[PDB]
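A short write-up of the structure that comes next.
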Amino acid sequence: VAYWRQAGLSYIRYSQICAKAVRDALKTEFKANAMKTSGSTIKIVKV
Amino acid sequence: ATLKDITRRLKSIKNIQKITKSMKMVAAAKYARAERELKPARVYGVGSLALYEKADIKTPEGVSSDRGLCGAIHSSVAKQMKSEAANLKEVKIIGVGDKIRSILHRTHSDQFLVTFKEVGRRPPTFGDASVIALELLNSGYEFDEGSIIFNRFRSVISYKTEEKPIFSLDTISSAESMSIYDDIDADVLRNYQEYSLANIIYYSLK
Amino acid sequence: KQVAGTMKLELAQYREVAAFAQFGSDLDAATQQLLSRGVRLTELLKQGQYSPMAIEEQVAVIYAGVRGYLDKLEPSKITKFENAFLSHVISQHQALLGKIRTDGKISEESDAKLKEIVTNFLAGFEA
Amino acid sequence: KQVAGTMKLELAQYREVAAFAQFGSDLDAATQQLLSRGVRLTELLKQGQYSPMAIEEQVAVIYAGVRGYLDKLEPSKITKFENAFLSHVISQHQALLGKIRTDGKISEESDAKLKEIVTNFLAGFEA
Amino acid sequence: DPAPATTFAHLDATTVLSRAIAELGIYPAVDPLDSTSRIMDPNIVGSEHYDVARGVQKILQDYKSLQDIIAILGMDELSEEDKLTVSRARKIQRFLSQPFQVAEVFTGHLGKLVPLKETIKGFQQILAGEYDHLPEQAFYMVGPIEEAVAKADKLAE
Amino acid sequence: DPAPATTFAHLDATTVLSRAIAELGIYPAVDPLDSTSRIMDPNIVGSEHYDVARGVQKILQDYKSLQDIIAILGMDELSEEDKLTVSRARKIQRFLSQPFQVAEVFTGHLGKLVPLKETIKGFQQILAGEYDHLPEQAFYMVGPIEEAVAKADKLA
Amino acid sequence: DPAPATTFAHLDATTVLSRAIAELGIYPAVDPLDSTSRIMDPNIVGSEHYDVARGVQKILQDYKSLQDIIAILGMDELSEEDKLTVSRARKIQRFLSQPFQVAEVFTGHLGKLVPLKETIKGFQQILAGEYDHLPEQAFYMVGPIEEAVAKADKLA
Amino acid sequence: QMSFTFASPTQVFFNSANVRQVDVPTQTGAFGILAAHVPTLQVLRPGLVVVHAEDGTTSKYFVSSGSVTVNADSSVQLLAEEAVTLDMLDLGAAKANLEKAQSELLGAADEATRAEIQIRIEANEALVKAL
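Top to bottom, those sequences are chains I, G, A, C, D, F, E and H. All letters in the first sequence, in the order written, are residues 1 to 47 by the entry's author numbering. All letters in the second sequence, in the order written, are residues 1 to 61, 70 to 96, 101 to 218 by the entry's author numbering. All letters in the third sequence, in the order written, are residues 384 to 510 by the entry's author numbering. All letters in the fourth sequence, in the order written, are residues 384 to 510 by the entry's author numbering. All letters in the fifth sequence, in the order written, are residues 319 to 475 by the entry's author numbering. All letters in the sixth sequence, in the order written, are residues 319 to 474 by the entry's author numbering. All letters in the seventh sequence, in the order written, are residues 319 to 474 by the entry's author numbering. All letters in the eighth sequence, in the order written, are residues 15 to 145 by the entry's author numbering.
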């Protein structure tokens, strides 16, 4: 167990929130591909 | 054959023709991007396999969309799902694509596990993938070994269904032939068998 | 002749691509264009009963649409915009309206006095 | 009349409302049932040849479905069913037929008897 | 056919009946797009009346247009705008039926009769998006618009 | 046309031949849904006959209804149930073909004559889908259902 | 319909004017595919005349196909072979243009009457690529080929 | 000596290319790559990366968090969730996101919406090691 596990948080989420900073760390000349990419265009059907 | 009728049927068909030709050219560009956005996503998705495919692994112990009207696509992951639901233990229904809920609910309505929606409308990118893997751990299912099929793309006019195996339990993953490798910490593999899953799934989608 | 020509052609293209009205809410921004121009030009050709317009009046209201100026207005409002816009010039610029008629053409000069009235009136209309 | 007086304008709407949602998708709370019924109902007017029925018996089977005592059966059986439930309620209750045949109506009396003779059969086969 | 054809010239208001409508159970099977009056003039029936009729006429026509897209190429492939103009249309289309008093023998519902201004109002509403929540059948064969809000719960619970 | 049209009145059994069928090499070119006899009647032919008949006559006329959607959208848009109704029907369609002892010259194939029993039987089987595992052709131009299942092998 | 049908029995050739073509600014607006002649027998005109014509035809249909690809697929989606037959075809389209003398009093443009032999070789070349180097729109609206050559140079 | 492959879902940076050694942020400090290293499998922790060319060039790159895998033979690849290089990083423009992260650490007396946060801290923080 490390400093993000313990609670029940998969490496996935780790790797995830990471990106959420690299993308935040950009400008207008290079960003037209980081907005387009990324997203949870899936749904969760248990209806 | 009344004039009146011929004329009716004529009008009906003349539209079906236009709607089709139109809708063809929608999918046409839609495809021409999902292919550019693929050149990468392959090189990548492939190397995610560089490992597994240099050390096969036994074990002692569905991907598409919601929008139909593409013909061959959605059957071909059933000619490998109802045909692999009688070959295989007991894995439960885990596939993305509401169109599987349709072509697999009157015939396999029980083993259901977790289905998805809004697949295909917008071009899936990584998050899309992970959010399925992130939900195969969260929704704790007892993982053992992997069955995830999808349609590899050969040509615009042809593709080819494909069965790939990913080893859902790190137990089965750290098998024997996998000793050629060091630092086999049950926690640096818990963090690689997990990132290879949402690395296959992502390759399968794209 | 110098607006009708264009209009004809534009409606003609609008026609060639009408199919994608429906199954085309996401298609080359190039033809998303023709659809817009098209439906707008089309609204301009709607007319009420027993209300025949003078030729210079016509040329004006077509000029408006056929030159872009109406492209960023919701189709609904067009028949109302043309209704007020027509009125505005007919009482105000009876000047270089009545001049468009007798001269026959659209003067290098009248072109501009039009663009001035159209764009600045729309401005304040949809405001 | 009491079993089929607004079922003629129902099998001209359940008709059109299974020709609209022919395809496998989703439809609201209202029009999910109409189909879930009709298919069974039609299996009812399916009739042999050179074998009329007396009005009483017709009211018998028509009742079975229309009041919803079949609304949960696989159509592929709704014939071996009728061919029994009607020789079963001629061998048992010449009673009820007697009344309806004569006064030509179903009083809450007659109706009541039915309401069990039926029920006394679905649970005795599937359930 | 040269008989009914020549008859049209001699009329001021024509109600034209449709087999395809009747066949759908929508009596009185009036074709809302082949029926015509001389006094359907805003300067005769008022802009509220007129503007409302023509709005109904329009939406029904638009629905007729989507009709062979949808029923052969997947319903939900429609716009948002369009599943909406279908929804309302089918409502409008059914609210147009009426239990006739001389037709109780057939229909099964007690007769009816709606005063002009409750008709204009009824449709104006449906058109306006005020009942997009009530299900279809509620407009089928009722009188004044409210009597549909009635069948709206009667069909519910 | 009045000629053929009137004549129908006068027959007890009719066999109607369609160019449509013949052009698909289905000989004899009999329209299964347009040929009739005033003795297709269980009391006369025994309700095993009458039952396999109207069962073929049904699947066929069910296929025939899909005929339109299959022509515009293609086989794939066909529901799963329906994908079958086709395949089975299409076999029936094909197993009604029968190489006549005359056109041994056009068919080249040896002239078969099939007795009522094995007629009724073979279809019954096809209908109960014993054969959904055989290629279509296997039933085109044969005698009893054996020559069918038999054919299917020589291909493999 | 009988009228046209009777007439056609006597027809030896067609010349089809296209509002279509005329729009793309080709004069005269003859659809070079729809228009046809019964003396396009190599037997009756050249084997050269014939072979060349069949060439201009083939290239023109071929193009009208890539035109559906190029339209929704990619402008560079063609090999350096097709990128070529589109090059050549777009040039032939233009060389089938022509100024008429009866439109000199109005275009200013001098009118070309192009003897047969010249026209046959004109396209013979453009075909075997003897101008892939030369531009395009110097093929539009000229007399013989040596006006299109001497028109690109005159684009200094 | 090995064929090196490194790309991300979005783009491919170096495809099966001749590389003598490379440099990666691991979940345990740094971890160079021997031109003939022992077989191992370890994840990633936000940080920079540099490659040693076939001509001796060294341009810097950056990783968010992905998979690195040294296969038995002479083949190694890096699979990034993201990978910024050349210029797209706009100076300390995000050294501010470093604040709306540390700050947040406090504003959550939870553990779920807490463990997550701290990550963004070392994440963002490590980033300042750019320009």
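Every residue gets a Cβ at the ideal spot worked out from N, C-alpha and C, and that includes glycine.
For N85 (chain H), the first and last residue of its enclosing beta strand (DSSP E)
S81 to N85
Cut-off 7 Å between Cβ atoms - residues of its own chain near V386 (chain A), not counting five sequence neighbours on either side
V442, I445, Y446 and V449
For a cutoff of 8 Å on Cβ pairs, would you count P23 (chain H) as touching chain G?
yes
Looking at chain H, is there any beta carbon in it that lies within less than 8 Å of the beta carbon of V22 (chain I)?
yes
Hey, would you say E454 (chain E) sits closer than 8 Å to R412 (chain E), going by beta carbons?
yes
List the endpoints of the continuous alpha helix (DSSP H) containing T324 (chain F).
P320 to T325
Mind checking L116 (chain G): buried by the 16 CB within 10 Å criterion, or exposed?
buried
With DSSP as the reference, please indicate the residues paired to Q91 (chain H) in a beta bridge.
H:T19 and H:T83
Which whole-angstrom value is the C-beta distance of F30 (chain I) and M102 (chain H), which I expect to be below 8 Å?
3 Å
In chain G, which residues lie less than 9 Å from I390 (chain E) when you measure between Cβ atoms?
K24, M25, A28, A29 and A32
Interface partners of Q56 (chain H) on chain G, CB under 7 Å:
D195 and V200
For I13 (chain G), which option in D:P417, D:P462, D:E395 and D:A389 has the closest C-alpha, if you only look at C-alpha atoms?
D:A389
From the beta carbon of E395 (chain F), is the nearest beta carbon of chain G less than 8 Å away?
yes
Looking at the secondary structure, which residues open and close the beta strand (DSSP E) in which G61 (chain H) lies?
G61 to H66
Assumed close pair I410 (chain E), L378 (chain E) - CB separation to whole angstroms, cut-off 8 Å
7 Å
With a threshold of 6 Å on Cβ separation, who are the neighbours of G461 (chain E) within its own chain once the five nearest residues in sequence on each side are excluded?
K430 and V432
Exposure label - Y3 (chain I); buried when at least 16 CB within 10 Å
exposed
Hey, would you say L141 (chain H) sits closer than 8 Å to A19 (chain I), going by beta carbons?
no
Three-state class that DSSP yields for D450 (chain D) in the structure shown
coil
Which bits of chain A does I387 (chain D) rub up against, with CB to CB less than 8 Å?
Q405 and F406
Look up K74 (chain H) in the DSSP assignment and give the residues it is bridged to.
H:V64
Note the first and the last residue of the continuous beta strand (DSSP E) segment covering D37 (chain H).
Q35 to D37
Cα-Cα, which of D:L335, D:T333 and D:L342 is closest to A402 (chain C)?
D:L342
Own chain residues within Cβ distance below 6 Å of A340 (chain F), not counting five before or after
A347
Residues of chain D with a CB under 7 Å from the CB of residue 219 (chain G): which are they?
Residue 219 (chain G) lies beyond the range of chain G shown here (1 to 218); nothing can be said about it.
Under 8 Å by beta carbon: chain D residues contacting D454 (chain C)
Chain D residues near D454 (chain C): none, gap ~17 Å exceeds 8 Å.
Just grab the DSSP bridge partners of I160 (chain G) for me.
G:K176
Distance, Cα to Cα, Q17 (chain G) vs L391 (chain D)?
11 Å
Does DSSP put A331 (chain E) in a helix, a strand or coil?
strand
8 Å Cβ cutoff met for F18 (chain H) and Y75 (chain H):
no
With respect to the beta strand (DSSP E) encompassing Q56 (chain H), which residues constitute its N-terminal and C-terminal limits?
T54 to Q56
Helix, strand or coil for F441 (chain F)? Go by DSSP, reduced to three states.
helix
Residue interval of the alpha helix (DSSP H) (run including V22 (chain I))
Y11 to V22
Test item: CB-CB of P53 (chain H) and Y193 (chain G) under 8 Å:
yes
Using a Cβ-Cβ cut-off of 7 Å (strictly less than) and excluding sequence neighbours within five positions of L417 (chain C), which residues of its own chain qualify?
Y397 and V400
Does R59 (chain H) pass the burial test, meaning 16 or more other C-beta atoms within 10 Å, or should it be called exposed?
buried
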